[PDB]
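Two separate entries follow, structure 1 and structure 2, each one form of the same protein chain as structure tokens.
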Structure 1
């Protein structure tokens, strides 16, 4: 691991938002004009944010036969994100979330696993990047990645919504091969209960535990110190989703650019502040200069 470059491993996924009046009762149908498409998936959100910040990124994801000359493939190619490590299924569609949201803002999500079925027949390559960041995807494959990369590339891990799938054993084992561990508060609360861990137990295993708290900021724990990172004010909150992935993008981009962990947290906080300003996880990702400028005022 040597090049100014981060590998993101895990979901590259299409999200489709369906705004409805009311969800259908049994034996009924609803009709809607259209669904809005968004480029998502935790790994691809992070990879695209890293690239936007001027750090080369590569993606390792299982995509499907619709990926494939369509919108998502060309959009990534256009941003110069390395997608040479993608696995292309002939049998299944690209993972995607179909998100149906009513007028009172209640939501029902159908996630298509689809091409992600292929991870269990795959094994990770040697990585040549400074950091291998492991996001939602297939936990067994993600553990293979962490075990292969650790002690060679820096490992970043953010189990996210996959958390419930990890056994205590398996979660322990991946954390033992992790350098940066990121979790939101609910995730951290969940994992700690599983593992019977307190903060000090994590720090016996990882170099930095980062717990994000949305609008209340974040905190970085190291063997040495606790670093409190403020929330950075957005222009106006539209879609609070994608704040997660983009904080990770900022943090890891800053780390590869050679800044200390405090400033990495600050850049993370400032990156996320741009992302909440629009619908979609990738639609308002900032440049490095814009991040540094926003941080400069607050």
Structure 2
């Protein structure tokens, strides 16, 4: 049939570390970083936490490591009442991590430790009883299994994100054919469209809504019937843009479950993203529902 008032987020739960260096080192040189704070991250977790903060029950499906057990992150999620019953805990691998070296002018070079994500290929998705299954970056093969199992039962939301290069023409077409809400940033949309030889109408033969996000230039929602332009919502002061995308999706999907029309979903996504960019870390300044509604009332 169809399922309950909740959203499942599938994909990375990770610890993000931002290392403030002066200059990237040339061969046979040692530069340093004073300290490196850890932030709770991972696209799936970011989205799940944002959804929960907006008053919608979320559940998380990720592979975590031996250093997740009893650690800051686990207690943090338990304290937020996020259902983590579906987490796979690895005995051998550590939790996925992103080690981000950033310079003095603010140019970022990153890295992603796969770690316990190696386990996705050993696993198969459970049945989902949620209204929406949102598939964020993770293991593409497992993500396709999730889309193909959920589609026609749960609404499927998908954003290929930085995983996009790993999808062949054929595999991308397959997951999109099992997607209800397809989110892509503009660069990724152009790349996907060139790969698929798709125009907008080709996506809309397969999905219910295509949402192209353009950051500071807003977003656009395309359906069969309509093109909806969503403005960017002005933040107070941009400290960290990293969590913005996941937070827009968190807001959009939360609004959808809460029963608003797609335009309002877009506006809530935009308003949500405007909060997260005000602080460092993808989950640090996630807003409540009433705070997001209040900000849209001003803008």
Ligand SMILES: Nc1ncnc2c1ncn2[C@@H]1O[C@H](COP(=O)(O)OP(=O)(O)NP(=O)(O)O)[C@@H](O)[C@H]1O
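Numbering follows the first chain given and starts at 1. Rigid core (definition): largest C-alpha set, two forms, superposition within 1.5 Å.
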Exercise for review: Sort out for me whether 1 or 2 is the form deposited with this ligand bound.
Suggested key: 1
Practice item. Tell me, with the core superposed, which single residue in 106, 222, 215, 128 has its C-alpha moved by at least 2 Å between structure 1 and structure 2. Key: 106
Exercise for review: Superpose the two forms on their rigid core, then report whether the C-alpha of residue 31 is displaced by 2 angstroms or more between structure 1 and structure 2.
Suggested key: yes
Revision key, fill the gap. Cα of residue 190, core superposed, displaced between structure 1 and structure 2 by (Å) 1.0
Point to revise | between structure 1 and structure 2, C-alpha offset at residue 70 (rigid core aligned, Å) | key: 0.5
